[PDB]
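Below is one structure, written out as structure tokens; the observations come after it.
As a basis for the values below, the full set of heavy atoms in this structure was taken, side chains included, without hydrogen atoms, waters or symmetry mates. Per chain, numbering begins at 1; letters A, B, ... match sequence-line order.
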Amino acid sequence: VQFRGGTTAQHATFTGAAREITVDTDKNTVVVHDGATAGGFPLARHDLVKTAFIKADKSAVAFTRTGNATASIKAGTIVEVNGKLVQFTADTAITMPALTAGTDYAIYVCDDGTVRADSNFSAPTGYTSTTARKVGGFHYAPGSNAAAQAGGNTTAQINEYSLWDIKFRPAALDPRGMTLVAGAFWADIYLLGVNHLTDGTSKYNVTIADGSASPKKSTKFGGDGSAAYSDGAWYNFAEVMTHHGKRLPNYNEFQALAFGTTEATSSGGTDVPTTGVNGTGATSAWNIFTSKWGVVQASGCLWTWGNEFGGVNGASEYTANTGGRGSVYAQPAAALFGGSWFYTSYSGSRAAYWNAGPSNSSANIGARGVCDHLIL
Amino acid sequence: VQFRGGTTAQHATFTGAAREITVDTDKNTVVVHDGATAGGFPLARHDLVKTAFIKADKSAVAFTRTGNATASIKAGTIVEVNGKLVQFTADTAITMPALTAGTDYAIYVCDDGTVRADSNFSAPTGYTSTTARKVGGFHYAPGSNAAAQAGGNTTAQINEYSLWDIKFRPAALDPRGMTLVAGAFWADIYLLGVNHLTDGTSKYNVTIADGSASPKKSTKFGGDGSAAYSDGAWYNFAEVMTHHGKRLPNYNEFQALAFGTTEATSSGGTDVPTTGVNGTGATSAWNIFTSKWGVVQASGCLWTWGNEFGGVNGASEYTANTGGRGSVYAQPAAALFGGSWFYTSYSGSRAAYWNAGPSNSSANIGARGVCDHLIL
Amino acid sequence: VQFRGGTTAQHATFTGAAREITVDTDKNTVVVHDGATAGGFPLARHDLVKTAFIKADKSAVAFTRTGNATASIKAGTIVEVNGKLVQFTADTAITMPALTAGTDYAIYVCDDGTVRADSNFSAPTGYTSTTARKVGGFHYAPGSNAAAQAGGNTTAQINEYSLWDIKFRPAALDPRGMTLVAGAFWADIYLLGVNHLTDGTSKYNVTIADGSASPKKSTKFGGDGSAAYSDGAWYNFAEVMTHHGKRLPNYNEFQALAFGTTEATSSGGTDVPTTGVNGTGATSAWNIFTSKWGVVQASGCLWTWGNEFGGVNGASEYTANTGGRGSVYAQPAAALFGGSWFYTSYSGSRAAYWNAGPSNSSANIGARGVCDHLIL
Ligand SMILES: [Mg+2]
């Protein structure tokens with residue numbers, strides 16, 4: 001059966017019989033007719049809905065945490081994948097791989113109707129980037145989120161607030177290793193690492209970047225991928241954050257992200273070298289400082305540079321202390337938030353120090369990234 | 001009539017006759033043929049366009065204010081609802097319910113082709129959440145926006161700048177009670193209430209939150225829904241704003257949002273207890289302070305905490321004044337904007353005070369929320 | 001051929017034969033049947049996919065710069081235009097018009113399958129707003145982006161970082177004359193002009209706005225389109241930026257946007273009157289100050305007001321210096337970034353001055369706009 005067909009021009013002045021189907025040969029689509037409307041009602045070609053992703057509640061993430069090691073895709077989720085419509089009319093279990101503490105996972109809706117997680121961010125085991133579509137993901141944290149204000153535990157589990165989907169995600173360039181804070185903005189779960197170029201800013205069990213072990217110099221700002229900044233100036237950390245489409249936190253962002261930590265408590269010991277891992281001779285284990293949202297070492301471990309200025313000022317003269325990128329006049333301090341290991345009861349979700357110029361560097365100052373929450 | 005049909009695999013190597021229609025039984029969709037392209041041209045299933053919402057001008061809101069109590073949906077608006085395509089090829093009147101001063105309304109496009117407003121945010125009277133689709137809304141304000149710089153009147157009317165649609169809206173968690181300022185960002189029409197958990201941050205005719213009547217403690221930050229913060233510290237107000245996905249305003253945001261108010265004028269009297277209502281013994285009625293954008297009590301009523309730091313500093317020693325969440329060192333002031341009732345000619349769209357630490361509290365300091373503008 | 005058809009109600013309880021097609025007369029669409037599913041599988045009408053725009057990589061711009069005067073649309077780009085599906089399965093050359101230094105261009109995907117640039121932002125030469133769809137654009141800069149930290153050249157060329165598409169763009173009200181900085185945020189290529197109302201904030205070869213030649217007063221804030229602000233206060237510049245949905249830069253934004261400029265170098269001479277053009281008696285040509293991202297006169301030409309406060313404070317008394325919009329108490333300085341022509345080695349990507357109150361005005365202080373990066 002071949003249908004009556006013509007060009008778009010020919011259709012413009014054609015009115016088919018009621019419930020007649022013609023073919024627009026310019027478009028290669030069907031045109032439905034009502035016996036009244038000239039040009040009829042052309043139908044959409046599938047390619048035009050490619051990548052469609054529809055949720056029942058667009059103001060929440062597409063997935064529900066159902067247990068420490070389990071999660072589900074929500075009822076009402078419709079997904080375009082490999083030319084097919086794949087949907088879920090009930091909360092449907094996500095098929096899990098073996099989960100390892102401190103690893104990010106990607107969630108795929110597959111063209112066979114399954115939904116599955118995997119550590120591979122291209123395609124899940126047994127599928128291709130064609131048969132499996134990445135719709136979101138999560139972080140499998142080394143410990144629980146804080147239930148109150150005494151930090152969390154060390155039972156590896158899905159951090160519910162790290163659940164993201166393609167329409168409910170960090171505005172950062174990459175969504176991995178972030179958690180949603182009060183539904184308002186995303187925070188890096190872990191402090192900035194030295195190897196942020198290959199690891200991203202937020203990674204479990206890596207060397208923390210500070211004054212003594214400066215982060216790798218940004219390849220977007222003349223770095224080569226091997227060189228590190230010569231110190232831990234605010235300037236350098238802010239630059240690394242920008243590389244990744246993130247910011248250093250505001251005061252309001254810091255207090256929100258760090259809530260849940262054990263207040264007025266510090267790591268103790270002599271150092272905090274590694275993310276998600278006890279400090280050197282620490283009197284408090286790392287988990288003492290997990291926030292409500294799953295931000296690891298949220299306070300009392302390393303100060304973070306903040307994105308705020310004020311407090312004590314530098315000299316009222318042109319001082320060339322910017323790494324050779326100009327001079328500053330009456331430069332106010334750049335905020336430091338959280339406290340560090342040496343700071344006993346001074347540390348906490350609101351610990352703030354405003355007596356260090358942005359050109360300052362030390363072994364107990366690093367950084368944490370934040371970014372905007374995107375709902376699409 | 002049953003058409004030739006096969007699986008997706010079978011179609012991959014099949015080329016139908018020109019203007020032949022086959023059925024892909026794996027997809028359950030039509031495949032159009034051109035007698036040349038192997039696999040033909042599969043058509044989109046309706047479920048894949050579910051929630052589609054298309055506007056002629058994506059850089060403006062979907063509705064036009066046509067009068068004090070009337071509004072229209074714009075020509076060129078196409079809406080998916082209950083499986084149907086519903087569209088408007090001309091500016092079409094929105095069917096209104098009875099409107100009450102200081103109430104938010106939701107706009108629904110219904111599957112019978114009508115568009116209507118309602119105070120119910122689930123479904124409008126006579127419809128269900130299935131037959132009626134919420135596409136946006138507005139605030140019916142207690143008075144007009146400022147025509148110049150002398151505030152507004154007390155004639156209840158639609159605030160044109162409070163018009164929002166699902167693709168032109170506050171980034172806040174909930175869009176209600178906000179107004180779009182210079183097309184740049186959204187501002188809470190009303191000052192933060194004590195009962196922001198059940199009312200949202202911006203509600204007409206409610207008790208204002210300040211140092212003496214602190215807001216309810218955020219349920220996202222260990223609050224139970226009954227307890228209030230023990231004082232009106234910047235810390236507490238910033239926290240409440242975050243709860244709702246909002247911020248305290250910047251200096252640039254404040255001057256923009258408050259423009260239109262009567263400058264160098266204060267409420268007078270002894271207090272401002274209630275939003276959108278005269279202050280206690282006020283010498284100026286509330287409407288004296290409506291901004292160009294419809295921000296109520298924009299200036300001269302209560303100071304708002306700002307999201308900016310600087311000015312006079314606290315001691316250069318570790319001071320534990322954060323509500324038990326750490327210590328601050330050389331803590332600069334948190335900005336206060338707008339002036340309050342006692343401040344005569346000092347109040348205005350640029351009134352700014354930088355001599356109060358974020359741990360300060362008083363009966364004339366509250367907060368106003370802002371957030372980013374979202375165009376999708 | 002007229003098909004069996006009925007209303008949506010009638011379909012709800014109808015199960016057609018496998019691979020039968022019926023017509024829903026309420027919807028005017030086809031319903032496919034499987035001989036099992038009551039109501040069958042209704043297909044999408046084309047109008048519901050109107051404006052669809054699909055890219056292979058949603059995290060990058062839709063176009064590639066292929067040379068100084070050439071560019072391509074990327075493989076995998078699917079575009080809805082004038083009822084047709086138009087797509088590109090390989091990187092496809094964009095048809096160029098004659099290009100002029102310092103001009104913005106719009107990219108259209110046309111219903112004949114072509115993709116072309118044009119200086120007209122409504123429709124390209126030989127097409128209409130119906131037959132041609134605007135999907136993005138770019139800036140054809142007066143010179144190259146900085147390869148290192150010695151600025152750029154004067155060979156007119158496409159600035160690769162100024163490439164934007166409808167789903168990868170500034171959050172600003174208008175996308176023109178902006179460049180994407182480290183993939184993180186957008187910066188105005190040029191300093192704010194006096195005639196920003198008709199030119200936008202960022203335009204080549206126009207009079208720069210400063211203390212002596214204040215910008216036009218914003219029509220969104222009581223301006224008439226002819227009047228200028230009486231001086232170059234921070235207040236006025238911040239206001240102009242808001243008009244356009246932009247901000248003055250943060251410190252972190254400024255250092256990012258200006259990287260690539262010749263550091264510790266100033267324009268010299270006695271003035272910088274015009275964007276993208278040598279200063280008056282300048283010892284360094286304008287191109288000495290082009291950033292890595294193509295920000296023109298990024299440093300050492302005119303200070304920009306920043307969106308940050310701190311440093312030296314005004315008096316601890318209520319000072320009415322806000323242009324008659326209230327009083328300020330202990331007002332900290334508003335940041336100035338970049339240096340200017342007189343400032344020799346003090347200028348650079350990190351040059352910052354914190355000793356000028358927001359009410360200050362001078363011939364060497366202007367502004368540059370930034371905004372958020374939008375990925376949709
Ligand atoms: Mg500040």
- Item | Verdict with supporting geometry, C/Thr103 and C/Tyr105, side chain to side chain contact (heavy atoms under 4.5 Å, CB included) | CA-CA 7 Å; C/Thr103 312; C/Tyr105 293 92; 3.7 Å; yes
- Message: We want to know whether A/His11 and A/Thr22 form a side-chain donor-acceptor pair, criterion being a heavy-atom distance below 3.5 angstrom.
- Response: yes
- Query: Are the side chains of C/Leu180 and C/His373 in touch, meaning some heavy atoms are under 4.5 Å apart?
  - Reply: yes
- Identify the heavy atoms of A/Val32 and C/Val23 that sit nearest to each other, and give their distance. CG1-CG1, 3.8 Å
- Query: Does the side chain of C/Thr92 pick up a donor-acceptor pair with the side chain of C/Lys74 at under 3.5 Å?
  - Reply: no
- Query: When you look at CZ of A/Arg4, are more than 12 heavy atoms from neighbouring residues, nucleotides or ligands closer to it than 6.0 Å?
  - Reply: no
- Item | The single option from B/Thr29, B/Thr7, B/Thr8 passing side-chain hydrogen bond (donor to acceptor under 3.5 Å, both in side chains) against B/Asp24 | B/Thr8
Tell me which donor-acceptor pairs under 3.5 Å the side chains of residues 37-47 of chain B have, and how far apart each pair is, sequence neighbours excluded?
residue	atom	partner	partner atom	Å
B/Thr37	OG1	B/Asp34	OD1	3.3
B/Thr37	OG1	B/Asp34	OD2	2.7
B/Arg45	NH1	B/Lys27	O	2.9
B/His46	NE2	B/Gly83	O	3.1

- Residues which pass salt bridge (charged side-chain N to carboxylate O under 4.0 Å, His left out) with C/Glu160, listed by chain and number, not counting sequence neighbours: none
- Taking all non-hydrogen atoms of both residues into account, name the closest pair between A/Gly245 and C/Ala184 and its distance. CA-CB, 4.0 Å
- Note on the structure: In this structure, CG of C/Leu99 is separated from OG1 of C/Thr70 (nearest 0.5 Å) by 9.5 Å
- Query: C/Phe138 versus C/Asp104: any side-chain heavy-atom pair under 4.5 Å?
  - Reply: no
- Query: Considering only heavy atoms from C-beta outward, does the side chain of A/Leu85 approach that of A/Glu80 to under 4.5 Å?
  - Reply: no
- Provide the closest heavy-atom pair for C/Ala132 versus C/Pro124 in the form atom of the first, atom of the second, distance. CB-CD, 3.4 Å
- Would you indicate whether the side-chain heavy atoms of C/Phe168 and C/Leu376 approach each other to under 4.5 Å? no
- Distance in Å, B/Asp26 CG paired with A/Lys84 NZ, rounded so as to fall on 0.5 Å steps: 4.5 Å
- Item | Smallest separation among heavy atoms of C/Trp164 and C/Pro170, with atom names | CB-CD, 4.4 Å
- side chain to side chain donor-acceptor pair (under 3.5 Å) filter on A/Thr128, not counting sequence neighbours, yields A/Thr131
- Message: With heavy-atom distances below 4.5 Å as the criterion, would you say the side chains of C/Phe88 and C/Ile78 are in contact?
- Response: no
- Query: Do A/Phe3 and A/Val30 come close enough that some side-chain heavy atom pair is under 4.5 Å?
  - Reply: no
- d(C/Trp293 CH2, C/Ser162 OG) to nearest 0.5 Å is 13.5 Å
- Query: Which atom pair, heavy atoms only, marks the closest approach of A/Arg133 to A/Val79?
  - Reply: NH1-CG1, 3.7 Å
- salt bridge (charged side-chain N to carboxylate O under 4.0 Å, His left out) contacts in which one or both residues fall within residues 165-182 of chain C, not counting sequence neighbours: C/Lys55-C/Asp165, C/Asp174-C/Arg176
- Calculate, to the nearest 0.5 Å, the distance between atoms CD and CG belonging to A/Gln87 and B/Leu48 respectively. 8.5 Å
- C/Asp372: what forms a salt bridge (charged side-chain N to carboxylate O under 4.0 Å, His left out) with it, not counting sequence neighbours? C/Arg247
- Message: Assess the residue pair A/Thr77 and A/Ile54 against the criterion (side chain to side chain contact (heavy atoms under 4.5 Å, CB included)); give the C-alpha distance rounded to whole Å, side-chain angles, the decisive distance to 0.1 Å, and a yes or no.
- Response: CA-CA 6 Å; A/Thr77 312; A/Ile54 305 149; over 6 Å; no
- Item | Distance (rounded to the nearest 0.5 Å) between A/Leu374 CG and A/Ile166 CD1 | 12.0 Å
Name every donor-acceptor pair, under 3.5 Å, that has one atom in a side chain of residues 114-121 of chain A and the other anywhere in the protein, sequence neighbours excluded.
residue	atom	partner	partner atom	Å
A/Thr114	OG1	A/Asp112	OD1	2.7
A/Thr114	OG1	A/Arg116	NE	3.2
A/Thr114	OG1	A/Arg116	NH2	3.1
A/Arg116	NH2	A/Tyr127	OH	3.2
A/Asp118	OD1	A/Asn120	N	2.8
A/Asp118	OD2	A/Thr125	N	3.0
A/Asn120	OD1	A/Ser122	N	2.8
A/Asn120	OD1	A/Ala123	N	2.9

- Item | Side-chain (A/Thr25) to main-chain (A/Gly6) donor-acceptor, under 3.5 angstrom | yes
- Between CG of C/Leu163 and CD1 of C/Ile158, what distance do you get to the nearest 0.5 Å? 7.0 Å
